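For reference, the structure is listed below as structure tokens.
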Amino acid sequence: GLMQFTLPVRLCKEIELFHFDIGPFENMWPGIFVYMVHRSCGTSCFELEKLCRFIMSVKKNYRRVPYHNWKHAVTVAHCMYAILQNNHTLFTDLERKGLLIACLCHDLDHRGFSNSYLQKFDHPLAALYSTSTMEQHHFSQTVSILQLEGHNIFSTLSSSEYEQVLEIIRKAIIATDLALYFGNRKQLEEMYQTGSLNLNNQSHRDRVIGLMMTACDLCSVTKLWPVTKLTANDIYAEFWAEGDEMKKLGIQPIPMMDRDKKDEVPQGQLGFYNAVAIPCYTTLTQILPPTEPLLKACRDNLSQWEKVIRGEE
Ligand SMILES: CC(C)Cn1ncc(Cl)c1C(=O)Nc1ccn2cc(-c3ccccc3)nc2n1
Ligand SMILES: [Mg+2]
Ligand SMILES: [Zn+2]
């Protein structure tokens, strides 16, 4: 009850900033996550014994893949923490609880392969879940871990609060399916401009939480350049392995996944910043003005990729 988590001075300060990096010390990531729950939610939201046991079971069910790993999980959870702390009063007690857990869990048991590769491989998961294949699996893995003995961090919620929080988490994880980002943002764009956006409209809130999840999930592009650039290597390490596996299936991968077309990466980053990242953080800032630092940081990194192409690095 009286057992707070504290961090060294530099982390205590830097963790409040959108562009915070959680560092290379794996054994501090759980403390960082608990620290963020205690300040975001209260020291009372979860039983510490249960939370800690949930955290370690979630860590166990992330795999040793280059990018979609335990570090990504905690990175995406921190970006959600930053958004929630900068938007203190827009979010219910349940939503703050559900979303940090949703982020920690959003990529559970990822193998480093796109929904596309699952379908072309004819993976059993593609039979069981036709759309948002990996994202339905991640939610399913979250519900499994929540049903382990001693792992129900939600136990003190009423039957109906409990169904609301599992429903917040399900939508939050499904929304990290980038194929659903485009329509989700176009709708949010129309609603904010025509002026119809209404945060008491649950179907509207859902879309806004959906965009937050895309924003947190993509937060690699909102770090300081050296973090962004070094994360790019891990993302491409997965992309190129998937390409190698596509060629094993007798399918020329798209250039993004073809390690022969490394040359074309800087241009590909540009596309993605222009087509996905900038529009995403633009719409997020329009709805949640205090999330502007994510837009600025993303713009700075777009400018860093333009420099790469021009031979200035
Ligand atoms: C991790 C991923 C699931 C979602 N994600 N999180 C952060 C970032 Cl960054 C991304 C992402 O998607 N990065 C992209 C997106 C589109 N691309 C296209 C090319 C490319 C390259 C060479 C030739 C041609 C094209 N490269 C791309 N890289
Ligand atoms: Mg994912
Ligand atoms: Zn992710």
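Using the authors' numbering, the first residue of the sequence shown is number 458, and each one after it goes up by one.
From the three backbone atoms N, C-alpha and C, an ideal C-beta is built for every residue, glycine too.
Q. Do the stretch 553 to 560 and the stretch 577 to 587 meet, that is, are 3 or more Cβ pairs less than 8 Å apart?
A. No: fewer than three Cβ pairs fall under 8 Å.
Q | Under the three-state DSSP convention, the category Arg-521 falls into | A | As a working mapping, residue 521 is identified with position 64 in the sequence shown. In the structure shown, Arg-521 sits in coil (DSSP, three-state: anything other than H, G, I, E or B).
Q) Would you say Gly-569 and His-535 are within 9 Å of each other, going by their C-beta atoms? A) Here residue 569 refers to the residue found at position 112 of the sequence shown. Here residue 535 refers to the residue found at position 78 of the sequence shown. Not a contact, by the Cβ cut-off of 9 Å.
Q | Residue of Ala-636, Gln-644, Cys-469 minimising C-alpha distance to residue 417 | A | Any question about residue 417 goes unanswered here, given that the chain covers just 458 to 770.
Q) Whose beta carbon lies closer than 5 Å to any heavy atom of ligand 3, going through the chain in order? A) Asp-564, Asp-674
Q: Identify every run of the alpha helix (DSSP H) within the stretch 517 to 578, keeping only runs that are complete inside it and at least 4 residues long; order them along the chain.
A: Listed in chain order, the complete alpha helix (DSSP H) runs (minimum 4 residues) inside the stretch 517 to 578 are 527 to 542, 550 to 562, 572 to 578.
Q) Are three or more beta carbon pairs between the stretch 616 to 623 and the stretch 702 to 720 nearer than 8 Å? A) no
**Q.** the stretch 671 to 679 in contact with the stretch 732 to 747 per 3-pair CB rule at 8 Å
**A.** yes
**Q.** Opening and closing residue of the alpha helix (DSSP H) in which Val-466 lies
**A.** Counted from its first residue, the sequence shown places residue 466 at position 9. Here the alpha helix (DSSP H) through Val-466 covers 466 to 471.
**Q.** Residue burial classification, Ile-766 (beta-carbon count within 10 angstroms, cutoff 16)
**A.** For the purposes of this step, residue 766 is taken as the residue at position 309 of the sequence shown. Under a 10 Å Cβ-count criterion, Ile-766 is classified as exposed, with fewer than 16 other Cβ atoms of the shown protein chains found around its own Cβ.
Q) Just checking my contact of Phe-475 with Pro-750 at CB under 8 Å: how many whole Å lie between their CB atoms? A) As a first step, residue 475 is located in the sequence shown; it is residue number 18 there, counting from the start. As a first step, residue 750 is located in the sequence shown; it is residue number 293 there, counting from the start. Indeed, because the Cβ distance is near 5 Å, the residues count as touching under 8 Å.
Q. Ligand 1 heavy atoms versus the CB of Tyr-524: any closer than 8 Å?
A. As a first step, residue 524 is located in the sequence shown; it is residue number 67 there, counting from the start. Within the cutoff, so yes.
(Q) Output needed for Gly-607: all residues of its chain with C-beta closer than 8 Å, excluding positions within five of it in sequence on either side, in chain order. (A) In the sequence shown, the residue the question calls residue 607 occupies position 150. The beta carbon of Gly-607 sits closer than 8 Å to the beta carbons of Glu-506, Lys-507, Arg-510 from its chain, once the five residues preceding and following it are set aside; these are given in chain order.
Q.
For ligand 2, is there any heavy atom lying closer than 8 Å to the beta carbon of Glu-699?
A. Numbered from 1 along the sequence shown, position 242 holds the residue referred to as residue 699. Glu-699: no, Cβ never under 8 Å from ligand 2.
Q | Straight-line Cα distance separating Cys-755 from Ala-530 | A | Your numbering for residue 530 matches position 73 in the sequence shown. Your numbering for residue 755 matches position 298 in the sequence shown. The straight-line gap from Cα to Cα measures roughly 20 Å.
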